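J.: I have a structure I would like to understand better, so I am pasting it below and will then ask my questions one at a time.
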Amino acid sequence: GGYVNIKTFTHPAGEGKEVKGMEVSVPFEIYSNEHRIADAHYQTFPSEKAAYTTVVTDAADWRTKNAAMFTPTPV
């Protein structure tokens, strides 16, 4: 039950490239069903209510947001 409140941190990822940080609240069951942790640049805290403005709605939404944590983008 409740939410996993994930904040990831903006950081360089190759010259001219970066990964932007995000703050997302994910229902714990969606999170525990499938997550990928490949970056150390994040923190998590749990809560009964979503602490962040961006709230994951379903598994597909989370898959998308989780992937945006590992995809380098041009600065």
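Just so we're on the same page: first chain in the structure tokens is A, next is B, and so on; residues restart at 1 for each chain, and ligands are numbered from 1 in the order they show up.
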Taking the backbone alone, and naming residues the way the document does, which bits of chain A are strand (DSSP E) by DSSP, as a list in words?
T.: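 Matching residues, listed in order: residues 3, 4, 5, 6, 7, 8, 11, 12, 17, 18, 19, 23, 24, 25, 26, 27, 42, 43, 44, 45, 46, 47, 54, 55, 73 and 74 of chain A.
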J.: Quick one: write out the picked residues with N, CA, C and O atoms as a CSV table (one decimal), in the first residue's frame?
T.:
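result-v7.csv, written as the output of this step:
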chain,number,residue,atom,x,y,z
A,3,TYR,N,2.6,4.9,-1.4
A,3,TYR,CA,3.5,5.3,-2.5
A,3,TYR,C,4.9,5.2,-2.2
A,3,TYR,O,5.4,5.3,-1.1
A,4,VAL,N,5.7,5.0,-3.3
A,4,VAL,CA,7.2,5.2,-3.2
A,4,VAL,C,7.5,6.5,-3.9
A,4,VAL,O,7.2,6.7,-5.1
A,5,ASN,N,8.0,7.5,-3.1
A,5,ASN,CA,8.3,8.8,-3.6
A,5,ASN,C,9.7,8.9,-4.0
A,5,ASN,O,10.6,8.9,-3.2
A,6,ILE,N,10.0,8.8,-5.4
A,6,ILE,CA,11.3,8.8,-5.9
A,6,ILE,C,11.8,10.1,-6.4
A,6,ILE,O,11.1,10.8,-7.3
A,7,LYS,N,12.9,10.6,-5.9
A,7,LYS,CA,13.5,11.8,-6.5
A,7,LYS,C,14.9,11.4,-7.1
A,7,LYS,O,15.7,10.9,-6.4
A,8,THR,N,15.0,11.6,-8.4
A,8,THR,CA,16.3,11.3,-9.1
A,8,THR,C,17.0,12.7,-9.3
A,8,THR,O,16.3,13.7,-9.5
A,11,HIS,N,22.3,14.8,-13.7
A,11,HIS,CA,23.7,14.6,-13.7
A,11,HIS,C,24.2,14.3,-15.2
A,11,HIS,O,23.5,13.8,-16.0
A,12,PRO,N,25.5,14.7,-15.4
A,12,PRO,CA,26.1,14.5,-16.8
A,12,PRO,C,26.1,13.0,-17.1
A,12,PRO,O,26.3,12.1,-16.2
A,17,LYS,N,26.0,15.4,-22.9
A,17,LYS,CA,24.8,14.6,-22.5
A,17,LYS,C,24.5,14.6,-21.0
A,17,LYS,O,25.4,14.8,-20.2
A,18,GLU,N,23.2,14.4,-20.7
A,18,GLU,CA,22.8,14.4,-19.3
A,18,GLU,C,21.6,13.5,-19.1
A,18,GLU,O,21.0,13.0,-20.1
A,19,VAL,N,21.3,13.3,-17.8
A,19,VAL,CA,20.0,12.7,-17.5
A,19,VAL,C,19.3,13.7,-16.5
A,19,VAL,O,19.9,14.1,-15.5
A,23,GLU,N,10.9,14.0,-10.1
A,23,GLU,CA,10.2,13.6,-8.8
A,23,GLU,C,8.9,12.9,-9.2
A,23,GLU,O,8.0,13.5,-9.8
A,24,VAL,N,8.8,11.6,-8.8
A,24,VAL,CA,7.6,10.9,-9.2
A,24,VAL,C,7.1,10.1,-8.0
A,24,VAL,O,7.9,9.5,-7.3
A,25,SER,N,5.8,10.0,-7.8
A,25,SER,CA,5.2,9.2,-6.8
A,25,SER,C,4.6,7.9,-7.5
A,25,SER,O,3.8,8.1,-8.4
A,26,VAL,N,5.0,6.8,-7.1
A,26,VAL,CA,4.6,5.5,-7.7
A,26,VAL,C,3.9,4.6,-6.7
A,26,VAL,O,4.5,4.3,-5.6
A,27,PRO,N,2.7,4.2,-7.0
A,27,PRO,CA,2.0,3.2,-6.1
A,27,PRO,C,2.9,2.0,-5.8
A,27,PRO,O,3.5,1.5,-6.8
A,42,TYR,N,19.6,8.7,-7.0
A,42,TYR,CA,18.2,8.8,-6.6
A,42,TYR,C,18.0,8.6,-5.1
A,42,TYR,O,19.0,8.1,-4.5
A,43,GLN,N,16.9,8.9,-4.6
A,43,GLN,CA,16.5,8.6,-3.2
A,43,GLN,C,15.0,8.2,-3.2
A,43,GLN,O,14.3,8.5,-4.2
A,44,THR,N,14.6,7.5,-2.2
A,44,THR,CA,13.2,7.1,-2.1
A,44,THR,C,12.7,7.2,-0.7
A,44,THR,O,13.4,6.8,0.3
A,45,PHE,N,11.5,7.7,-0.5
A,45,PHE,CA,10.8,7.6,0.8
A,45,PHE,C,9.3,7.2,0.5
A,45,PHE,O,8.7,7.6,-0.4
A,46,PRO,N,8.8,6.3,1.5
A,46,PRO,CA,7.4,5.9,1.3
A,46,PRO,C,6.4,6.8,2.0
A,46,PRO,O,6.8,7.5,3.0
A,47,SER,N,5.2,6.8,1.6
A,47,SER,CA,4.1,7.5,2.3
A,47,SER,C,2.7,7.0,1.9
A,47,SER,O,2.6,6.4,0.8
A,54,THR,N,3.8,14.7,-9.9
A,54,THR,CA,3.7,13.7,-10.9
A,54,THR,C,3.4,12.3,-10.2
A,54,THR,O,4.3,11.8,-9.6
A,55,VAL,N,2.2,11.8,-10.5
A,55,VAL,CA,1.8,10.5,-9.9
A,55,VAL,C,1.6,9.5,-11.0
A,55,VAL,O,0.8,9.7,-11.9
A,73,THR,N,20.3,12.3,-22.5
A,73,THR,CA,19.7,13.2,-23.5
A,73,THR,C,20.7,14.4,-23.7
A,73,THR,O,21.5,14.7,-22.8
A,74,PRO,N,20.7,15.0,-24.9
A,74,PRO,CA,21.5,16.2,-25.1
A,74,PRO,C,21.2,17.3,-24.2
A,74,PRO,O,20.1,17.6,-23.9
J.: Extract, using only C-alpha atoms, all DNA, RNA and protein residues at most 10 Å from residue 69 of chain A, discarding same-chain residues fewer than 2 positions from it, and format them as a PDB file with N, CA and C atoms, in the first residue's frame.
T.:
ATOM      1  N   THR A   8      15.039  11.590  -8.410  1.00  0.00           N
ATOM      2  CA  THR A   8      16.309  11.335  -9.070  1.00  0.00           C
ATOM      3  C   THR A   8      16.995  12.666  -9.344  1.00  0.00           C
ATOM      4  N   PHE A   9      18.317  12.641  -9.446  1.00  0.00           N
ATOM      5  CA  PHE A   9      19.085  13.874  -9.524  1.00  0.00           C
ATOM      6  C   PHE A   9      19.666  14.073 -10.918  1.00  0.00           C
ATOM      7  N   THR A  10      19.613  15.309 -11.402  1.00  0.00           N
ATOM      8  CA  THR A  10      20.222  15.649 -12.685  1.00  0.00           C
ATOM      9  C   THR A  10      21.727  15.427 -12.618  1.00  0.00           C
ATOM     10  N   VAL A  19      21.267  13.251 -17.834  1.00  0.00           N
ATOM     11  CA  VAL A  19      19.964  12.710 -17.484  1.00  0.00           C
ATOM     12  C   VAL A  19      19.340  13.723 -16.538  1.00  0.00           C
ATOM     13  N   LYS A  20      18.149  14.202 -16.880  1.00  0.00           N
ATOM     14  CA  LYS A  20      17.448  15.162 -16.042  1.00  0.00           C
ATOM     15  C   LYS A  20      16.848  14.442 -14.840  1.00  0.00           C
ATOM     16  N   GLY A  21      16.878  15.094 -13.681  1.00  0.00           N
ATOM     17  CA  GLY A  21      16.223  14.552 -12.506  1.00  0.00           C
ATOM     18  C   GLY A  21      14.718  14.666 -12.641  1.00  0.00           C
ATOM     19  N   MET A  22      13.994  13.864 -11.866  1.00  0.00           N
ATOM     20  CA  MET A  22      12.543  13.951 -11.805  1.00  0.00           C
ATOM     21  C   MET A  22      12.067  13.583 -10.403  1.00  0.00           C
ATOM     22  N   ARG A  36      13.556  -0.883 -12.433  1.00  0.00           N
ATOM     23  CA  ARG A  36      14.947  -1.008 -12.819  1.00  0.00           C
ATOM     24  C   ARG A  36      15.775   0.057 -12.117  1.00  0.00           C
ATOM     25  N   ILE A  37      16.741  -0.388 -11.323  1.00  0.00           N
ATOM     26  CA  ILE A  37      17.658   0.516 -10.645  1.00  0.00           C
ATOM     27  C   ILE A  37      19.040   0.323 -11.244  1.00  0.00           C
ATOM     28  N   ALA A  38      19.472   1.289 -12.044  1.00  0.00           N
ATOM     29  CA  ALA A  38      20.752   1.183 -12.731  1.00  0.00           C
ATOM     30  C   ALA A  38      21.612   2.417 -12.467  1.00  0.00           C
ATOM     31  N   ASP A  39      21.039   3.372 -11.745  1.00  0.00           N
ATOM     32  CA  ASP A  39      21.691   4.639 -11.465  1.00  0.00           C
ATOM     33  C   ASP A  39      21.681   4.893  -9.960  1.00  0.00           C
ATOM     34  N   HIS A  41      21.915   7.799  -8.634  1.00  0.00           N
ATOM     35  CA  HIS A  41      21.492   9.183  -8.425  1.00  0.00           C
ATOM     36  C   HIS A  41      20.008   9.301  -8.122  1.00  0.00           C
ATOM     37  N   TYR A  42      19.575   8.728  -7.003  1.00  0.00           N
ATOM     38  CA  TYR A  42      18.173   8.804  -6.612  1.00  0.00           C
ATOM     39  C   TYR A  42      18.032   8.575  -5.117  1.00  0.00           C
ATOM     40  N   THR A  64       7.574   3.784 -18.647  1.00  0.00           N
ATOM     41  CA  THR A  64       8.030   4.954 -19.388  1.00  0.00           C
ATOM     42  C   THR A  64       8.897   5.883 -18.539  1.00  0.00           C
ATOM     43  N   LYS A  65       8.400   6.244 -17.366  1.00  0.00           N
ATOM     44  CA  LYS A  65       9.148   7.136 -16.488  1.00  0.00           C
ATOM     45  C   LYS A  65      10.440   6.503 -15.970  1.00  0.00           C
ATOM     46  N   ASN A  66      10.393   5.212 -15.651  1.00  0.00           N
ATOM     47  CA  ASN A  66      11.576   4.505 -15.148  1.00  0.00           C
ATOM     48  C   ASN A  66      12.685   4.532 -16.205  1.00  0.00           C
ATOM     49  N   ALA A  67      12.300   4.353 -17.463  1.00  0.00           N
ATOM     50  CA  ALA A  67      13.256   4.348 -18.568  1.00  0.00           C
ATOM     51  C   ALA A  67      13.875   5.727 -18.792  1.00  0.00           C
ATOM     52  N   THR A  71      18.039   7.051 -19.699  1.00  0.00           N
ATOM     53  CA  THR A  71      18.273   7.454 -21.079  1.00  0.00           C
ATOM     54  C   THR A  71      18.950   8.815 -21.137  1.00  0.00           C
ATOM     55  N   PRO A  72      20.233   8.838 -21.532  1.00  0.00           N
ATOM     56  CA  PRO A  72      20.955  10.105 -21.677  1.00  0.00           C
ATOM     57  C   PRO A  72      20.331  10.968 -22.762  1.00  0.00           C
TER      58      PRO A  72
END
J.: Which of chain A counts as helix (DSSP H, G or I) under DSSP, as a ChimeraX atom specification please?
T.: /A:28-33,59-67
J.: Those residues you just picked out, can you put them in a file as a PDB file, in the first residue's frame with N, CA, C and O atoms?
T.:
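Output saved as selection_30.pdb:
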ATOM      1  N   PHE A  28       3.069   1.571  -4.600  1.00  0.00           N
ATOM      2  CA  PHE A  28       4.117   0.596  -4.307  1.00  0.00           C
ATOM      3  C   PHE A  28       3.971  -0.710  -5.074  1.00  0.00           C
ATOM      4  O   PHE A  28       4.969  -1.331  -5.434  1.00  0.00           O
ATOM      5  N   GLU A  29       2.736  -1.144  -5.300  1.00  0.00           N
ATOM      6  CA  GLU A  29       2.514  -2.390  -6.020  1.00  0.00           C
ATOM      7  C   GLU A  29       3.014  -2.313  -7.466  1.00  0.00           C
ATOM      8  O   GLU A  29       3.613  -3.262  -7.971  1.00  0.00           O
ATOM      9  N   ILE A  30       2.806  -1.169  -8.112  1.00  0.00           N
ATOM     10  CA  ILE A  30       3.364  -0.943  -9.445  1.00  0.00           C
ATOM     11  C   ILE A  30       4.887  -0.955  -9.395  1.00  0.00           C
ATOM     12  O   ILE A  30       5.547  -1.583 -10.222  1.00  0.00           O
ATOM     13  N   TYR A  31       5.443  -0.275  -8.402  1.00  0.00           N
ATOM     14  CA  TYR A  31       6.892  -0.228  -8.243  1.00  0.00           C
ATOM     15  C   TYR A  31       7.495  -1.614  -8.008  1.00  0.00           C
ATOM     16  O   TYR A  31       8.469  -1.992  -8.659  1.00  0.00           O
ATOM     17  N   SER A  32       6.918  -2.369  -7.076  1.00  0.00           N
ATOM     18  CA  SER A  32       7.499  -3.656  -6.694  1.00  0.00           C
ATOM     19  C   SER A  32       7.326  -4.720  -7.771  1.00  0.00           C
ATOM     20  O   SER A  32       8.132  -5.651  -7.869  1.00  0.00           O
ATOM     21  N   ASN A  33       6.281  -4.573  -8.586  1.00  0.00           N
ATOM     22  CA  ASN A  33       6.031  -5.501  -9.678  1.00  0.00           C
ATOM     23  C   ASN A  33       7.158  -5.482 -10.703  1.00  0.00           C
ATOM     24  O   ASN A  33       7.518  -6.520 -11.261  1.00  0.00           O
ATOM     25  N   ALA A  59       1.031   0.572 -14.911  1.00  0.00           N
ATOM     26  CA  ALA A  59       2.316  -0.063 -15.170  1.00  0.00           C
ATOM     27  C   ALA A  59       3.024   0.553 -16.368  1.00  0.00           C
ATOM     28  O   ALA A  59       4.242   0.735 -16.351  1.00  0.00           O
ATOM     29  N   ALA A  60       2.260   0.883 -17.406  1.00  0.00           N
ATOM     30  CA  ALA A  60       2.839   1.456 -18.620  1.00  0.00           C
ATOM     31  C   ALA A  60       3.448   2.830 -18.359  1.00  0.00           C
ATOM     32  O   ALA A  60       4.514   3.158 -18.873  1.00  0.00           O
ATOM     33  N   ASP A  61       2.753   3.641 -17.571  1.00  0.00           N
ATOM     34  CA  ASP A  61       3.250   4.959 -17.207  1.00  0.00           C
ATOM     35  C   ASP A  61       4.588   4.832 -16.461  1.00  0.00           C
ATOM     36  O   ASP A  61       5.527   5.585 -16.712  1.00  0.00           O
ATOM     37  N   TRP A  62       4.674   3.864 -15.557  1.00  0.00           N
ATOM     38  CA  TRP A  62       5.885   3.682 -14.755  1.00  0.00           C
ATOM     39  C   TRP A  62       7.044   3.171 -15.610  1.00  0.00           C
ATOM     40  O   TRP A  62       8.176   3.637 -15.482  1.00  0.00           O
ATOM     41  N   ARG A  63       6.763   2.214 -16.486  1.00  0.00           N
ATOM     42  CA  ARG A  63       7.779   1.713 -17.401  1.00  0.00           C
ATOM     43  C   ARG A  63       8.416   2.877 -18.166  1.00  0.00           C
ATOM     44  O   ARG A  63       9.637   2.950 -18.313  1.00  0.00           O
ATOM     45  N   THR A  64       7.574   3.784 -18.647  1.00  0.00           N
ATOM     46  CA  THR A  64       8.030   4.954 -19.388  1.00  0.00           C
ATOM     47  C   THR A  64       8.897   5.883 -18.539  1.00  0.00           C
ATOM     48  O   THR A  64       9.999   6.269 -18.936  1.00  0.00           O
ATOM     49  N   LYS A  65       8.400   6.244 -17.366  1.00  0.00           N
ATOM     50  CA  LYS A  65       9.148   7.136 -16.488  1.00  0.00           C
ATOM     51  C   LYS A  65      10.440   6.503 -15.970  1.00  0.00           C
ATOM     52  O   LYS A  65      11.459   7.181 -15.856  1.00  0.00           O
ATOM     53  N   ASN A  66      10.393   5.212 -15.651  1.00  0.00           N
ATOM     54  CA  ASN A  66      11.576   4.505 -15.148  1.00  0.00           C
ATOM     55  C   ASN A  66      12.685   4.532 -16.205  1.00  0.00           C
ATOM     56  O   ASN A  66      13.857   4.722 -15.888  1.00  0.00           O
ATOM     57  N   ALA A  67      12.300   4.353 -17.463  1.00  0.00           N
ATOM     58  CA  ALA A  67      13.256   4.348 -18.568  1.00  0.00           C
ATOM     59  C   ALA A  67      13.875   5.727 -18.792  1.00  0.00           C
ATOM     60  O   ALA A  67      15.019   5.835 -19.228  1.00  0.00           O
TER      61      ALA A  67
END
J.: Do you have the atom CA of residue 70 of chain A-atom CA of residue 48 of chain A distance handy?
T.: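 For atom CA of residue 70 of chain A relative to atom CA of residue 48 of chain A, the distance reads 27.1 Å.
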